[PDB]
Every structure is written in C-alpha cells, then in structure tokens.
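Enquirer: Here come the first chain(s), positioned as in the complex:
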Amino acid sequence: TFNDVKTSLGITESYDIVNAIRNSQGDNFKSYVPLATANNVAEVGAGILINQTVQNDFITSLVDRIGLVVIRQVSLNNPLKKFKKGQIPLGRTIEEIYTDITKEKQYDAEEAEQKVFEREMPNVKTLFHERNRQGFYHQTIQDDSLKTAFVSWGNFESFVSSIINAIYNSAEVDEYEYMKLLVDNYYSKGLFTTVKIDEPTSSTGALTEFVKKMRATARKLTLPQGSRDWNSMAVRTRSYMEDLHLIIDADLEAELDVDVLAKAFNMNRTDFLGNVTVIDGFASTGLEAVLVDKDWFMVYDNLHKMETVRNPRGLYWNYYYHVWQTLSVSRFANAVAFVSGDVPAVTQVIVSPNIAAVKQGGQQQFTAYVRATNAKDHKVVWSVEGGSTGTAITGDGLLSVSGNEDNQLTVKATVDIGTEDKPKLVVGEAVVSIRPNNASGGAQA
C-alpha cells in the first residue's frame, strides 16, 4: 500500500551505468554493449527493497508471481563465551579470598621477650561478585497473521524457527557486548594497569614497539616471584603464560601479520605470547590491547529459561527468554591495558586495608599504592572523614582513633595530579568500623 515507490529508493547513485555503457567507446563499458538486456539487469540487479506489482508481459492482466522464497538463517556466537566460569544455580553472591604475603621482620631476641604472643593478622583481602544481569528477550509471533504472507508450510515454519533463533542470537550478541562492557567499565574506573604506547596502527616503528611491550608485559606478568603492579588489588600475584589472554582487534591482527610476521624468519620471536582473542574493538578512547588472566572474568549464569504464552484473543505467542547472570571482574586477576593517547599521571590510588575495625582509641597503618603512569613521584595525603575531634591520621598512613570515637570512619589517600587552578584529586579510600572499647571515662588521658 505504498504506491509510488521508486527503484532508486535510497540509492545514492555514483554515476548511473546505462549512460556509461551506451556512451562507452574506449571507456571500459564497451564489453557490455553487446548485451541484449543490460539495461534491465542494471535496473533490477542491485536488489529490490519494496515489492511492486509486476504484470505478465504476454498477458497484461496476469500477475507475475513469487517463484522462490529464500529465508536466510544467521547464527551468531559469543567470541568471549570461553571466559564463562559456569553457573551459580543457587546463592546469588560469590566471595573471592586472597592472602597477601607477609613482611620481613628483623631478628631481635631482646624485643621478642615482650612480643611472643603479639598476635598479627594476615594480609587477607576479599572481593564480592553478584548476579547483575537480569533481563529477557521478548518476542511476539502472530502466527495467523504470518500465514497470509506465506503460501507454504516449509517456508512458514522455517520462518518462525528463524525468529526464535534470532532471539538466541540476540542473547549471545548481548552477552558478548556485556563482557566488552566490563572491560570498558573496568577501564572507566581506572582499574587497569596502564601501559602507554605510541599508536601501533600507524608507523611500523609504533607497531614494533607495541609488540615488544606486549611480549615484555606478558613476561612481567608471568615472573615467578609475582608482582603487585599488574593487580588492581595491589597484591603479589603470579600469572602463567598459557593463562594470559590478549584481546586486541582485527586491525592489529592484520598489521602484525603483514608488516612483521611475513618477513620474520622466526615468527615466534614477534608473535603474541598469550592467547589472542580478537574482538571488534573497545569503546574507551585510546583503549587498545587488553592483556588479562583467564580468571579475570567472573561470569556465571543464573538463569536461561524460555517462557511462552499464547494470547487467545490477540492470536499470538510470546517468547520470553530470560537471561540472568553474574557479570563481573576479578580485581585479583592481573590486568593490563595498553593505551594510545594521553592518560592521567595517576589512574588509581590503592589503599591496602580496605576494611578495618579499629577499637576506640587504637591505631591502624594504611598503605597507598599510587598507580602512577610515569617516573614522577606522587606524594599522597592521608585524611579521615566522618571522624571525631581526636581522630586523625599521620602523613605516613598511621591512623589514630579517638578515645571517644564511635562513628564509622573513612580514610582517604589523595594525590593531586593537576595544579593550583585545577587540582586533580585522585583518591584511594578505605573504611573503618570502631566497635568501641570500654572501661574508661573521666578526664586527663
């Protein structure tokens, strides 16, 4: 019921072709001049967006029919599916536990006589994960309406099947996209260790330097002794080469192959050391390569259930494909981002004792791991908020709690990147419960 639809609907024609052919002499279209129906081919060949009624040439009143219905079937997957960690049938929340190494104390027998039972808690850190996704793919199918379009059950039925498959495609595409979201999210928070590099999709010198950084970084991640600099939680973590995954994209893949590997006699000396898992790219500005541990992803499924119902009045089925899942990232897993353009001097101040519980009047030592992106030092300022008059923290991170404290506290680690006119107060933060002691009171103490 659209009426005057042109065959040129939406065609941003670059020159024509018919004119080109008929006006071709030694203009390369001369090979088409001998063709008897070239013009008709030119008119239709591109494909028709909207069917218009076509009459039979022999008998005007007859209508030419559709002699073939081709229902395409596409099936899409999830490139990152392999990073799914399973299912959590029951229980919503996941708890990760990680024990950080201890410190070396100098041997001192004298002092030891008053410290035998000192009691020193381990550097244990935990992290929680939680079911985050909960949505569904709603698809309605008006069976009998579709029946007036089709003239064959093979076509009709397969069409419907395709619709249902589209639901599943929708699901996996989005799942993939959510995993990407997690990367851009983690980045937007500033939790990746940032390795700045010159753009690798330009001069091969940039590409080369990039590759070196990738191989070197991979090795650094896998060093036997471990390191804190690749871990968002700033704990000594050791990785393994076979557990590293390098995401990057199709551009870099091609750049490496052609410019480097094609010439390399020893390709294993310039390839990537981890498991390369090419994706379409990231949204974050300048975010390119991402190198992470296979356990960085904390993706678990909670629900995959197709629900259906038929509306008896409005003839149609509804399909509700429910997808619930835990979408999160481990901060204990190693994670490095390679970034092109300019980044902050400090992307993340990390306070070690995220959760503390200092009894009224006591003390707690804090540690900051200012995630600098360069060689410049970045003095950090300690402060406390929500605290009483006597609660304060030493410039070295040593927190002193008031003898009358009661309010839950928070401790900040501030690093100013910017300047006087526009300071860039990068802040790390930790919280402290008081669970106050007793048996005191009075005056003078």
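Expert: Arrived safely, thanks for sending. Numbering: from 1, shown residues only, chains lettered A, B, ... in the order given.
Enquirer: which stretches of chain A form helices?
Expert: A:18-22, A:38-44, A:109-112, A:143-146, A:153-189, A:204-221, A:250-256 (DSSP state H).
Enquirer: Skipping its backbone neighbours, what lies nearest residue A:200 in space?
Expert: residue A:210 (3.9 Å; C-beta to C-beta, 6 or more residues apart in numbering). No exception for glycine: its C-beta is placed from N, CA and C like everyone else's.
Enquirer: Tell me, how many residues neighbour the nearest residue to residue A:205 once chain neighbours are set aside?
Expert: Using C-beta to C-beta, 6+ apart and skipping the chain neighbours, the partner closest in space to residue A:205 is residue A:198 (7.8 Å). If you count neighbours by other C-beta atoms under 10 Å, residue A:198 ends up with 14.
Enquirer: what does residue A:268 give?
Expert: 8.
Enquirer: and if you look at the one 5 residues further on?
Expert: Neighbour count of residue A:273, defined by other C-beta under 10 Å: 19.
Enquirer: likewise the one 5 residues further on?
Expert: Other residues near residue A:278 number 15, with proximity taken as other C-beta under 10 Å.
Enquirer: Next up, the contacts around it.
Expert: Taking C-beta atoms under 8 Å, 6 or more residues apart in numbering, we find residue A:278 in contact with A:79, A:247, A:248, A:249, A:250, A:253.
Enquirer: now swap in residue A:199 and tell me
Expert: Counting by C-beta under 8 Å, 6+ apart, residue A:199 has contacts A:206, A:340.
Enquirer: now do residue A:301
Expert: Counted by C-beta under 8 Å, 6+ apart, residue A:301 has contacts A:84, A:86, A:87, A:88, A:323, A:324, A:325, A:326.
Enquirer: Now with 10 Å, please.
Expert: Residue A:301 sits next to A:84-89, A:131, A:133, A:175, A:323-326 when contact means C-beta atoms under 10 Å, 6 or more residues apart in numbering.
Enquirer: any idea how far it is from residue A:320?
Expert: 17 Å (C-beta to C-beta, to the nearest Å).
Enquirer: can you check residue A:204 too?
Expert: 52 Å.
Enquirer: swap in residue A:313?
Expert: 18 Å.
Enquirer: what are the ranges of the strands in the stretch 301-445 of chain A?
Expert: A:316-326, A:335-339, A:355-356, A:363-365, A:381-385, A:392-393, A:398-400, A:409-416, A:425-432 (DSSP state E, counting those that start in this stretch).
Enquirer: Of the ones you listed, which is nearest residue A:375?
Expert: Ranking the strands of the stretch 301-445 of chain A by proximity to residue A:375 (C-beta to C-beta) places strand A:409-416 first, at 15.1 Å.
Enquirer: I'd say residue A:334 and residue A:296 touch.
Expert: Yes: in this structure residue A:334 lies within contact range of residue A:296 using C-beta atoms under 10 Å: 7.3 Å.
Enquirer: out of these two, which sits in the more crowded spot?
Expert: Taking neighbours as other C-beta under 10 Å, residue A:334 and residue A:296 compare with residue A:334 leading, 28 against 23.
Enquirer: The following sequence is to be added as chain B:
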Amino acid sequence: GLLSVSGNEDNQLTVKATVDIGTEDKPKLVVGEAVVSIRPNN
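Expert: With chain B added, the chains above now look like this:
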C-alpha cells in the same frame, strides 16, 4: 656520520655518504646509502 634525530620525526630517513670523483663542475659522486626507519618515543 652521526645521525641525530631530536624527535618529532614521522618520516623515513635516508642516510648517504658521497665521494666527489672528477673535478670542478664534474661532481661524479660515488654514493653509499643506509635505510633509517623511526621508532616513536613521545
């Protein structure tokens, strides 16, 4: 022959060395050539 690149160099460089064989108004240069690519460094 000390090649020096202060930076801000995005073009491939050609390093040549010549010897003037012949005479005045007859510079029959003999020339050697090295290929220099540039690796970015902020």
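Enquirer: again for the neighbour count of residue A:198, since chain B is there now?
Expert: Around residue A:198 there are 18 other residues, counting by other C-beta atoms under 10 Å in any protein chain shown.
Enquirer: Kindly report the same for residue A:368.
Expert: Neighbour number of residue A:368 under other C-beta under 10 Å is 21.
Enquirer: how much space between the nearest residue to it once chain neighbours are set aside and residue A:399?
Expert: Take residue A:368 and drop its neighbours on the chain: the residue closest to it by C-beta to C-beta, 6 or more residues apart in numbering or on different chains is residue A:413, 4.2 Å away. Residue A:413 is 11 Å from residue A:399, where distance means C-beta to C-beta.
Enquirer: repeat for residue A:445
Expert: Residue A:445 is 19 Å from residue A:399, by C-beta to C-beta.
Enquirer: neighbour count winner among those two?
Expert: residue A:399 (23 against 7).
Enquirer: So that one is in contact with residue A:361, correct?
Expert: No: Residue A:399 is not in contact with residue A:361 according to C-beta under 10 Å; the separation is 11.7 Å.
Enquirer: Now do the shared contacts for the two.
Expert: residue A:391 (C-beta atoms under 10 Å, 6 or more residues apart in numbering or on different chains).
Enquirer: How about residue A:315: what's its closest non-neighbour residue?
Expert: Nearest to residue A:315 is residue A:144, by C-beta to C-beta, 6+ apart, at 4.9 Å.
Enquirer: I'd guessed the one you found sits against residue A:316; true?
Expert: Yes: between residue A:144 and residue A:316 there is a contact under C-beta under 10 Å: 8.3 Å.
Enquirer: Among these two, which residue is more densely surrounded?
Expert: Set side by side, residue A:144 and residue A:316 show more neighbours around residue A:316, with 16 against 8, by other C-beta under 10 Å.
Enquirer: What is the neighbour count of the closest residue to that one other than its chain neighbours?
Expert: Nearest non-adjacent residue to residue A:316, counting by C-beta to C-beta, 6+ apart: residue A:142, 4.2 Å away. By the criterion of other C-beta under 10 Å, residue A:142 has 12 neighbours.
Enquirer: Give the full set of residues in contact with residue A:343.
Expert: A:190, A:194, A:195, A:196, A:285, A:286, A:337, A:373, A:374.
Enquirer: residues touching the spatially most central residue of chain A, list them.
Expert: Closest residue to the average C-alpha location of chain A: residue A:183 at 2.3 Å, with C-alpha atoms, centre = their mean. The neighbours of residue A:183, taking C-beta under 10 Å, 6+ apart as the test, are A:80, A:192, A:247, A:279, A:282-284, A:287, A:290, A:292, A:296-297, A:329, A:335, A:337.
Enquirer: For PyMOL, write a command that selects the buried ones of those.
Expert: Filtering the contacts of residue A:183 down to the buried ones (16 or more other C-beta atoms under 10 Å in any protein chain shown) takes a single PyMOL command:
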select buried, chain A and resi 80+192+247+279+282+284+287+290+292+296+297+329+335+337
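Enquirer: Which of the contacts of residue A:183 fall within strands?
Expert: Here DSSP state E is the test, and those give A:287, A:290, A:292, A:335, A:337 as lying in strands.
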